[PDB]
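A.B. asks: Handing you a structure now.
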Amino acid sequence: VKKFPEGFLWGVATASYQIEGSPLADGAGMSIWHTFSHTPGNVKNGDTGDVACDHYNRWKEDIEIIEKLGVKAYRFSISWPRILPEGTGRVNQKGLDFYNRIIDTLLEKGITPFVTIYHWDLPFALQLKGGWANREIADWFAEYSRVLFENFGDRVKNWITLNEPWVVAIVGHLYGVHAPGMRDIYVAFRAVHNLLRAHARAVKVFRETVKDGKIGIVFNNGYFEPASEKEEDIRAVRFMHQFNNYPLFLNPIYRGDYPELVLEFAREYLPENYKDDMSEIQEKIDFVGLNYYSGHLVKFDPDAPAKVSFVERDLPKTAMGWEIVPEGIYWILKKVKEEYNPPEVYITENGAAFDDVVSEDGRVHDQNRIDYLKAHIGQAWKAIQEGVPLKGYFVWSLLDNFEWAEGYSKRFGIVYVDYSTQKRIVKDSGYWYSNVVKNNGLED
Ligand SMILES: OC[C@H]1CNC[C@@H](O)[C@@H]1O
């Protein structure tokens, strides 16, 4: 038996562009993911979010699935361009109506909404003005967040400014693999910095408009282990954790500067008086969300940009090719308490992509995902037993969905989606998870 604390929040998680479809319905502006995915060569098989899970129409039935499974919390995101089609100024009532219906439905059914304000679908109109590269985004984001607080803050009380700002900056602006598809290290570190300033401005306005709410921010994290016991490899691990995990943002938020190895690597790329912004960046937050999926063996490498290479290990992997290292989720939970001691933590995403097939029996026997969830939920329980203030756990994802540059080819859902009909098939992992929420923990 591994029983969780009373009132622990068991959730599922999605993101607007990944499930909704109908990106231009009802006066919505284009996002950068619309223009990106519509550019030939950017996404596997030419996939886009034009249709996705058609959640824009099937939202009621999807929530009914959440209800039926008994899960207590739904993490979802809001499409900025549905609300403010030009990014600032005009507010689209029909966009607000879409999310209002979802919000009211969840509450009526006793599910707690956790709203991610920004999960990567910037209004295209703002990208034309530089997007995350432009310092003024801290004002645009504040205006947007304010609108969400004023319209939804009466009912939604749990808020997340940004999903995975490292990915937004580095994958979007350095690697060019995600929208807006840029490859410029100077832009990428300006985007890191503006992400922090916009997050801090949003939190500030939240204090003014939602008196009884809680607000946090979500980071991606990997469990990095050194290839050798040599000095340089252990250091390569120390760089990667500081750059790729929560310290890149939490060192600023809690200590008022970037982490030390990040400055060794990137001080030429950061804005010249970046320190002037640090005091405002330290705006107090209520919780930290950590996402976790995978671990990576890393070693020093003199030929690699950043002086780090990944080394492949003979370990069980998901369809992403990601190494399954359950103890990473425990390590990261431990480490976040050790380093910054946030008053609350949530696992805001954890999950796995496997090649799911509908059997002849009409069921999806994803024993491989059950095994994955069970192992990590076990490690999260362990972290709680050693004092980490973990208040919730969210499976990525409710639904198989548009997996960014991988398109529909990667399935993360505990519910299978047959894209040809839009049929939902609860997976074995979904029934299994439904049982652990009912029991408030593991059993065998
Ligand atoms: O890569 C799987 C998931 C990682 N975290 C952010 C999500 O949008 C993504 O689908």
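Naming scheme: A, B, ... for chains in displayed order of the structure tokens; residues 1 onward per chain; ligands 1 onward as shown.
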DSSP on the backbone, then: every residue of range 190-432 of chain A marked helix (DSSP H, G or I), written as a ChimeraX atom specification.
C.D. replies: /A:190-209,231-244,247-255,260-266,274-281,305-307,327-340,367-385,404-409,428-432
A.B. asks: Check every protein, DNA and RNA residue against ligand 1, keep those with an atom at most 9 Å away (counting only C-alpha atoms and all ligand atoms), and present them as a list in words.
C.D. replies: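 The distance check yields residues 13, 14, 15, 17, 18, 119, 120, 163, 164, 167, 219, 220, 291, 292, 293, 320, 349, 350, 351, 352, 353, 396, 397, 401, 402, 403, 404, 410 and 412 of chain A.
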A.B. asks: Quick one: write out the picked residues with N, CA, C and O atoms as a CSV table (one decimal), in the first residue's frame?
C.D. replies:
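Wrote selection-v5.csv, looks like this:
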chain,number,residue,atom,x,y,z
A,13,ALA,N,-3.9,16.3,-17.8
A,13,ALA,CA,-3.4,17.5,-18.4
A,13,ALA,C,-3.5,17.5,-20.0
A,13,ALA,O,-3.3,16.5,-20.6
A,14,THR,N,-3.9,18.7,-20.5
A,14,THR,CA,-3.8,18.9,-22.0
A,14,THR,C,-3.3,20.3,-22.3
A,14,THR,O,-2.9,21.0,-21.3
A,15,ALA,N,-3.2,20.6,-23.6
A,15,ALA,CA,-2.9,21.9,-24.0
A,15,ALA,C,-3.8,22.3,-25.2
A,15,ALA,O,-4.1,21.4,-26.1
A,17,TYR,N,-3.6,23.9,-28.2
A,17,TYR,CA,-3.3,23.7,-29.6
A,17,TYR,C,-3.2,22.2,-29.9
A,17,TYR,O,-3.5,21.7,-31.0
A,18,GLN,N,-2.9,21.4,-28.9
A,18,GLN,CA,-2.7,20.0,-29.1
A,18,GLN,C,-4.0,19.2,-29.2
A,18,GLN,O,-4.0,18.0,-29.7
A,119,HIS,N,0.7,28.1,-23.2
A,119,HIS,CA,1.2,26.8,-23.5
A,119,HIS,C,1.5,26.8,-25.1
A,119,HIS,O,1.0,25.9,-25.8
A,120,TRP,N,2.2,27.8,-25.5
A,120,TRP,CA,3.1,27.9,-26.7
A,120,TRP,C,2.4,28.5,-27.9
A,120,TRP,O,3.0,28.8,-28.9
A,163,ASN,N,4.0,27.4,-19.4
A,163,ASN,CA,4.4,26.0,-19.5
A,163,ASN,C,5.8,25.9,-20.1
A,163,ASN,O,6.0,26.2,-21.3
A,164,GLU,N,6.8,25.3,-19.4
A,164,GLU,CA,8.1,25.0,-19.9
A,164,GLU,C,8.8,26.1,-20.7
A,164,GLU,O,9.1,26.0,-21.9
A,167,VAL,N,11.8,25.3,-23.1
A,167,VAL,CA,11.5,24.8,-24.4
A,167,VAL,C,11.0,26.0,-25.3
A,167,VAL,O,11.5,26.1,-26.4
A,219,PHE,N,8.0,23.9,-15.1
A,219,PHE,CA,9.3,23.7,-15.8
A,219,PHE,C,9.4,22.2,-16.3
A,219,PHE,O,8.9,21.4,-15.6
A,220,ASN,N,10.0,22.0,-17.4
A,220,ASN,CA,10.5,20.7,-17.8
A,220,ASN,C,11.8,20.3,-17.1
A,220,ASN,O,12.7,21.2,-16.8
A,291,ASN,N,7.4,19.2,-14.5
A,291,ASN,CA,7.1,18.2,-15.5
A,291,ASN,C,8.3,17.2,-15.5
A,291,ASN,O,9.4,17.6,-15.3
A,292,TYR,N,8.0,15.9,-15.7
A,292,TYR,CA,9.1,15.0,-15.7
A,292,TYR,C,8.8,13.8,-16.6
A,292,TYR,O,7.7,13.2,-16.6
A,293,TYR,N,9.8,13.3,-17.4
A,293,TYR,CA,9.5,12.2,-18.4
A,293,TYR,C,10.7,11.2,-18.4
A,293,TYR,O,10.4,10.0,-18.5
A,320,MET,N,9.2,7.7,-27.9
A,320,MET,CA,10.0,8.9,-28.2
A,320,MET,C,11.4,8.6,-28.3
A,320,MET,O,12.2,9.5,-28.7
A,349,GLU,N,3.0,17.4,-15.1
A,349,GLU,CA,3.0,16.4,-16.2
A,349,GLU,C,3.9,15.3,-15.9
A,349,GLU,O,5.0,15.5,-15.5
A,350,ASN,N,3.4,14.1,-16.2
A,350,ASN,CA,4.2,12.8,-16.2
A,350,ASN,C,3.5,11.8,-17.1
A,350,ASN,O,2.3,11.8,-17.1
A,351,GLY,N,4.2,11.1,-17.9
A,351,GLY,CA,3.5,10.2,-18.8
A,351,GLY,C,4.5,9.6,-19.9
A,351,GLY,O,5.6,9.8,-19.8
A,352,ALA,N,3.9,8.9,-20.8
A,352,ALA,CA,4.7,8.1,-21.8
A,352,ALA,C,4.0,8.0,-23.1
A,352,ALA,O,2.7,7.8,-23.2
A,353,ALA,N,4.7,8.0,-24.2
A,353,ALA,CA,4.3,7.6,-25.5
A,353,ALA,C,4.6,6.2,-25.8
A,353,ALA,O,5.8,5.8,-25.8
A,396,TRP,N,0.2,13.4,-18.1
A,396,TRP,CA,0.1,13.8,-19.5
A,396,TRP,C,-0.1,12.6,-20.4
A,396,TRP,O,0.9,11.7,-20.3
A,397,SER,N,-1.2,12.4,-21.1
A,397,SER,CA,-2.3,13.3,-21.2
A,397,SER,C,-3.6,12.7,-21.0
A,397,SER,O,-3.7,11.4,-21.1
A,401,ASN,N,-2.9,13.1,-28.7
A,401,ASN,CA,-3.0,14.5,-29.3
A,401,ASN,C,-1.9,14.9,-30.3
A,401,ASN,O,-1.1,14.1,-30.6
A,402,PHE,N,-1.9,16.2,-30.8
A,402,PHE,CA,-0.9,16.7,-31.7
A,402,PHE,C,0.4,16.9,-30.9
A,402,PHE,O,0.5,17.8,-30.1
A,403,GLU,N,1.4,16.0,-31.2
A,403,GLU,CA,2.6,16.1,-30.4
A,403,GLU,C,3.7,17.0,-31.1
A,403,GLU,O,4.8,16.6,-31.4
A,404,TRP,N,3.3,18.3,-31.3
A,404,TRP,CA,4.2,19.3,-31.8
A,404,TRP,C,4.9,18.9,-33.1
A,404,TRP,O,4.2,18.5,-34.0
A,410,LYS,N,2.9,10.3,-32.2
A,410,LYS,CA,3.2,10.0,-30.8
A,410,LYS,C,1.9,10.1,-29.9
A,410,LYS,O,1.3,11.1,-29.8
A,412,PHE,N,0.3,10.0,-26.3
A,412,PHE,CA,0.6,10.0,-24.8
A,412,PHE,C,-0.7,9.8,-24.0
A,412,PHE,O,-0.6,9.8,-22.8
A.B. asks: If we count only C-alpha atoms, what is near range 377-390 of chain A at a cut-off of 6 Å, once residues fewer than 3 positions away on the same chain are taken out, given as an MDAnalysis selection string?
C.D. replies: chainID A and resid 330 344:346 373:374
A.B. asks: Next, write the just-selected residues to a file, as a PDB file, in the first residue's frame, keeping N, CA, C and O atoms as the atom set.
C.D. replies:
ATOM      1  N   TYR A 330      11.585  11.274  -8.333  1.00  0.00           N
ATOM      2  CA  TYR A 330      11.949  11.413  -6.918  1.00  0.00           C
ATOM      3  C   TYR A 330      13.159  12.346  -6.741  1.00  0.00           C
ATOM      4  O   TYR A 330      13.136  13.256  -5.923  1.00  0.00           O
ATOM      5  N   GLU A 344       4.720  24.912  -2.011  1.00  0.00           N
ATOM      6  CA  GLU A 344       4.027  23.774  -2.641  1.00  0.00           C
ATOM      7  C   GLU A 344       4.656  23.386  -3.980  1.00  0.00           C
ATOM      8  O   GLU A 344       5.185  24.250  -4.704  1.00  0.00           O
ATOM      9  N   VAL A 345       4.580  22.090  -4.306  1.00  0.00           N
ATOM     10  CA  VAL A 345       5.016  21.550  -5.590  1.00  0.00           C
ATOM     11  C   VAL A 345       3.883  20.688  -6.146  1.00  0.00           C
ATOM     12  O   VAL A 345       3.134  20.042  -5.368  1.00  0.00           O
ATOM     13  N   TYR A 346       3.729  20.710  -7.475  1.00  0.00           N
ATOM     14  CA  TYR A 346       2.888  19.747  -8.185  1.00  0.00           C
ATOM     15  C   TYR A 346       3.725  19.054  -9.262  1.00  0.00           C
ATOM     16  O   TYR A 346       4.548  19.708  -9.895  1.00  0.00           O
ATOM     17  N   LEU A 373       3.488   4.652 -15.347  1.00  0.00           N
ATOM     18  CA  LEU A 373       2.820   5.524 -14.387  1.00  0.00           C
ATOM     19  C   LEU A 373       3.024   5.052 -12.943  1.00  0.00           C
ATOM     20  O   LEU A 373       3.400   5.849 -12.055  1.00  0.00           O
ATOM     21  N   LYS A 374       2.794   3.748 -12.744  1.00  0.00           N
ATOM     22  CA  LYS A 374       2.879   3.088 -11.442  1.00  0.00           C
ATOM     23  C   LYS A 374       4.244   3.295 -10.814  1.00  0.00           C
ATOM     24  O   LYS A 374       4.336   3.753  -9.675  1.00  0.00           O
TER      25      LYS A 374
END
A.B. asks: Between CA of residue 188 in chain A and CA of residue 41 in chain A, what is the spacing in Å?
C.D. replies: 21.6 Å
A.B. asks: Mind pulling up the distance from CA of residue 433 in chain A to CA of residue 9 in chain A?
C.D. replies: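 Computing it gives 12.9 Å between the two atoms.
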A.B. asks: Give the answer as one residue: which of A:159, A:166, A:114, A:408 has the shortest atom-to-atom distance to residue 75 in chain A, using only C-alpha atoms?
C.D. replies: A:114
A.B. asks: With only C-alpha atoms as the counted atoms, please give the residues lying no more than 12 Å from residue 305 in chain A, apart from itself and same-chain residues fewer than 2 positions off, as a list in words.
C.D. replies: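 That gives residues 174, 175, 185, 265, 266, 300, 301, 302, 303, 307, 308 and 309 of chain A.
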A.B. asks: Would you output that residue set with N, CA, C and O atoms, as a compact mmCIF listing (two decimals), in the first residue's frame?
C.D. replies:
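Writing the result to again-v2.txt gives the following:
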# COMPACT_ATOMS: atom_id res chain seq x y z
N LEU A 174 16.39 28.75 -30.57
CA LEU A 174 17.76 28.32 -30.79
C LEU A 174 17.82 27.10 -31.68
O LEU A 174 18.62 27.06 -32.64
N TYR A 175 16.98 26.10 -31.40
CA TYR A 175 17.02 24.88 -32.19
C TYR A 175 16.16 25.05 -33.43
O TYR A 175 16.37 24.37 -34.43
N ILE A 185 21.08 32.26 -30.94
CA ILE A 185 21.34 32.10 -29.48
C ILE A 185 21.13 33.39 -28.70
O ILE A 185 20.71 33.39 -27.51
N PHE A 265 28.26 30.01 -19.35
CA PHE A 265 27.98 29.70 -20.74
C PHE A 265 27.38 30.89 -21.54
O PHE A 265 27.77 31.15 -22.68
N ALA A 266 26.50 31.67 -20.92
CA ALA A 266 25.59 32.51 -21.70
C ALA A 266 25.56 33.99 -21.39
O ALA A 266 24.64 34.68 -21.85
N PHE A 300 31.06 15.16 -20.50
CA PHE A 300 31.77 16.28 -21.11
C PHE A 300 32.13 15.89 -22.53
O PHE A 300 32.42 14.73 -22.80
N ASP A 301 32.08 16.86 -23.43
CA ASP A 301 32.48 16.67 -24.81
C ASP A 301 32.96 18.02 -25.35
O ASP A 301 32.15 18.96 -25.42
N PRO A 302 34.24 18.12 -25.73
CA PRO A 302 34.86 19.40 -26.15
C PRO A 302 34.38 19.89 -27.52
O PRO A 302 34.58 21.06 -27.86
N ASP A 303 33.77 19.00 -28.29
CA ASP A 303 33.35 19.33 -29.65
C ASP A 303 31.89 19.78 -29.71
O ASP A 303 31.45 20.32 -30.73
N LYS A 307 29.43 22.09 -24.62
CA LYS A 307 30.44 21.15 -24.08
C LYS A 307 29.81 19.92 -23.44
O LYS A 307 30.34 19.37 -22.47
N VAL A 308 28.66 19.51 -23.98
CA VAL A 308 27.95 18.36 -23.45
C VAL A 308 27.36 17.51 -24.56
O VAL A 308 26.72 18.02 -25.47
N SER A 309 27.57 16.20 -24.46
CA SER A 309 26.89 15.25 -25.32
C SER A 309 26.06 14.33 -24.47
O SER A 309 26.34 14.15 -23.28
A.B. asks: As JSON, numbers by chain, please: the residues near range 194-196 of chain A (cut-off 8 Å, only C-alpha atoms, same-chain neighbours under 6 positions excluded).
C.D. replies: {"A": [132, 133, 134, 135, 137, 138, 165, 249, 281]}
A.B. asks: Would you write out, as a tab-separated table, a table of all residues in range 107-174 of chain A that have an atom no more than 12 Å from an atom of range 76-98 of chain A, listing for each the closest atom pair and the distance in Å to one decimal, considering only C-alpha atoms and ordering rows by chain and rising residue number?
C.D. replies:
residue	atom	partner	partner_atom	distance
A:112	CA	A:76	CA	10.7
A:113	CA	A:76	CA	7.5
A:114	CA	A:76	CA	6.4
A:115	CA	A:76	CA	5.4
A:116	CA	A:77	CA	4.4
A:117	CA	A:78	CA	5.7
A:118	CA	A:77	CA	6.7
A:119	CA	A:77	CA	6.2
A:120	CA	A:79	CA	8.6
A:121	CA	A:79	CA	6.3
A:122	CA	A:80	CA	6.3
A:123	CA	A:81	CA	4.9
A:124	CA	A:86	CA	7.8
A:125	CA	A:86	CA	5.3
A:126	CA	A:87	CA	6.0
A:127	CA	A:87	CA	9.4
A:128	CA	A:86	CA	10.4
A:129	CA	A:87	CA	10.5
A:131	CA	A:87	CA	10.1
A:136	CA	A:88	CA	11.4
A:137	CA	A:87	CA	9.9
A:138	CA	A:88	CA	11.8
A:139	CA	A:88	CA	9.4
A:140	CA	A:88	CA	6.2
A:141	CA	A:87	CA	8.6
A:142	CA	A:88	CA	9.9
A:143	CA	A:88	CA	7.0
A:144	CA	A:88	CA	7.0
A:145	CA	A:80	CA	9.2
A:146	CA	A:88	CA	11.2
A:147	CA	A:91	CA	8.3
A:148	CA	A:96	CA	8.5
A:149	CA	A:96	CA	11.5
A:150	CA	A:96	CA	11.0
A:151	CA	A:96	CA	7.7
A:152	CA	A:96	CA	8.7
A:156	CA	A:76	CA	11.5
A:158	CA	A:76	CA	11.1
A:159	CA	A:77	CA	9.8
A:160	CA	A:77	CA	9.0
A:161	CA	A:77	CA	10.0
A:162	CA	A:77	CA	9.8
A:163	CA	A:77	CA	9.1
A.B. asks: Taking only C-alpha atoms into account, which of A:436, A:32, A:169, A:306 comes nearest residue 264 in chain A?
C.D. replies: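 Comparing A:436, A:32, A:169, A:306 against residue 264 in chain A, the winner is A:306.
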A.B. asks: Out of A:186, A:331, A:8, A:432, which residue has the shortest atom-to-atom distance to residue 268 in chain A when counting only C-alpha atoms?
C.D. replies: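 Of A:186, A:331, A:8, A:432, the one nearest residue 268 in chain A, counting only C-alpha atoms, is A:186.
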A.B. asks: Could you find all residues in range 118-325 of chain A that DSSP calls strand (DSSP E) from the backbone, and write them as an mmCIF file with C-alpha atoms, in the first residue's frame?
C.D. replies:
data_model
loop_
_atom_site.group_PDB
_atom_site.id
_atom_site.type_symbol
_atom_site.label_atom_id
_atom_site.label_comp_id
_atom_site.auth_asym_id
_atom_site.auth_seq_id
_atom_site.Cartn_x
_atom_site.Cartn_y
_atom_site.Cartn_z
ATOM 1 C CA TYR A 118 0.580 30.117 -21.959
ATOM 2 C CA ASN A 158 -5.299 27.673 -9.593
ATOM 3 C CA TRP A 159 -3.240 29.385 -12.332
ATOM 4 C CA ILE A 160 0.030 28.665 -14.205
ATOM 5 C CA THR A 161 1.737 31.528 -16.071
ATOM 6 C CA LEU A 162 4.028 29.559 -18.408
ATOM 7 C CA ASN A 163 4.435 25.992 -19.522
ATOM 8 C CA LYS A 214 -2.899 30.550 -6.206
ATOM 9 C CA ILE A 215 -0.410 31.038 -9.064
ATOM 10 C CA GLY A 216 2.694 29.139 -10.159
ATOM 11 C CA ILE A 217 4.841 28.231 -13.166
ATOM 12 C CA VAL A 218 5.814 24.945 -14.839
ATOM 13 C CA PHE A 219 9.254 23.687 -15.836
ATOM 14 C CA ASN A 220 10.488 20.724 -17.823
ATOM 15 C CA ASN A 221 13.143 18.558 -16.128
ATOM 16 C CA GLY A 222 15.339 15.619 -16.995
ATOM 17 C CA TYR A 223 17.282 13.364 -14.556
ATOM 18 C CA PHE A 224 20.872 13.820 -15.688
ATOM 19 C CA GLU A 225 23.510 11.197 -14.629
ATOM 20 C CA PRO A 226 27.269 11.402 -15.441
ATOM 21 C CA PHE A 287 3.693 26.842 -6.231
ATOM 22 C CA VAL A 288 6.141 25.268 -8.618
ATOM 23 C CA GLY A 289 4.993 22.825 -11.242
ATOM 24 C CA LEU A 290 7.512 20.226 -12.363
ATOM 25 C CA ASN A 291 7.104 18.175 -15.504
ATOM 26 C CA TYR A 292 9.135 14.967 -15.718
ATOM 27 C CA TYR A 293 9.521 12.243 -18.387
ATOM 28 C CA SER A 294 13.048 10.945 -18.781
ATOM 29 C CA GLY A 295 16.664 10.611 -17.664
ATOM 30 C CA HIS A 296 19.850 11.128 -19.673
ATOM 31 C CA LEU A 297 23.391 9.897 -19.319
ATOM 32 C CA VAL A 298 25.639 12.846 -20.115
ATOM 33 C CA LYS A 299 29.384 13.404 -20.427
ATOM 34 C CA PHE A 300 31.765 16.285 -21.113
ATOM 35 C CA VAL A 308 27.945 18.356 -23.451
ATOM 36 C CA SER A 309 26.894 15.252 -25.324
ATOM 37 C CA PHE A 310 24.246 12.684 -24.434
ATOM 38 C CA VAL A 311 25.376 9.068 -24.302
#
A.B. asks: From the list A:100, A:48, A:434, A:318, which residue is nearest residue 411 in chain A when using only C-alpha atoms?
C.D. replies: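 Going through A:100, A:48, A:434, A:318 one by one, the smallest distance to residue 411 in chain A is for A:318.
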A.B. asks: Excluding same-chain residues fewer than 6 positions from range 51-55 of chain A, what lies within 12 Å of it counting only C-alpha atoms, as a CSV table (one decimal) with C-alpha atoms, in the first residue's frame?
C.D. replies:
chain,number,residue,atom,x,y,z
A,14,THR,CA,-3.8,18.9,-22.0
A,15,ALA,CA,-2.9,21.9,-24.0
A,16,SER,CA,-5.1,24.0,-26.3
A,17,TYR,CA,-3.3,23.7,-29.6
A,18,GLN,CA,-2.7,20.0,-29.1
A,19,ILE,CA,-6.4,18.9,-28.7
A,20,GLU,CA,-8.8,21.7,-29.8
A,21,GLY,CA,-8.7,22.0,-33.6
A,22,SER,CA,-10.7,24.7,-35.2
A,23,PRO,CA,-7.8,27.2,-34.7
A,24,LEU,CA,-9.6,30.0,-36.7
A,25,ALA,CA,-13.2,29.4,-35.6
A,34,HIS,CA,-0.8,27.5,-36.9
A,61,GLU,CA,-17.9,14.5,-23.8
A,62,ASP,CA,-14.2,14.8,-22.9
A,63,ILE,CA,-15.0,16.4,-19.5
A,76,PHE,CA,-5.8,22.8,-19.5
A,98,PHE,CA,-15.6,28.6,-25.1
A,99,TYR,CA,-13.5,28.5,-21.9
A,102,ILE,CA,-15.5,24.3,-19.9
A,398,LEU,CA,-6.0,12.8,-21.0
A,399,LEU,CA,-6.0,12.3,-24.8
A,400,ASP,CA,-3.7,11.1,-27.6
A,401,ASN,CA,-3.0,14.5,-29.3
A,402,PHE,CA,-0.9,16.7,-31.7
A,403,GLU,CA,2.6,16.1,-30.4
A,404,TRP,CA,4.2,19.3,-31.8
A,407,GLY,CA,2.5,15.5,-35.2
A,408,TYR,CA,-0.1,12.7,-34.5
A,409,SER,CA,2.5,9.9,-34.6
A,411,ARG,CA,0.4,8.9,-28.5
A,413,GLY,CA,-3.1,9.6,-23.9
A,415,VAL,CA,-7.6,7.7,-23.7
A,416,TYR,CA,-7.0,6.6,-27.3
A,417,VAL,CA,-8.3,8.8,-30.1
A,418,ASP,CA,-9.2,7.3,-33.4
A,419,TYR,CA,-8.5,10.3,-35.6
A,420,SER,CA,-10.6,8.9,-38.5
A,421,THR,CA,-13.8,9.0,-36.5
A,422,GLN,CA,-12.9,10.9,-33.3
A,423,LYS,CA,-13.8,7.9,-31.2
A,424,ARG,CA,-12.4,7.9,-27.6
A.B. asks: Which residues are near residue 276 in chain A? Cut-off 12 Å, only C-alpha atoms, ignore same chain within fewer than 6 positions. Put them as a count of residues only.
C.D. replies: 6
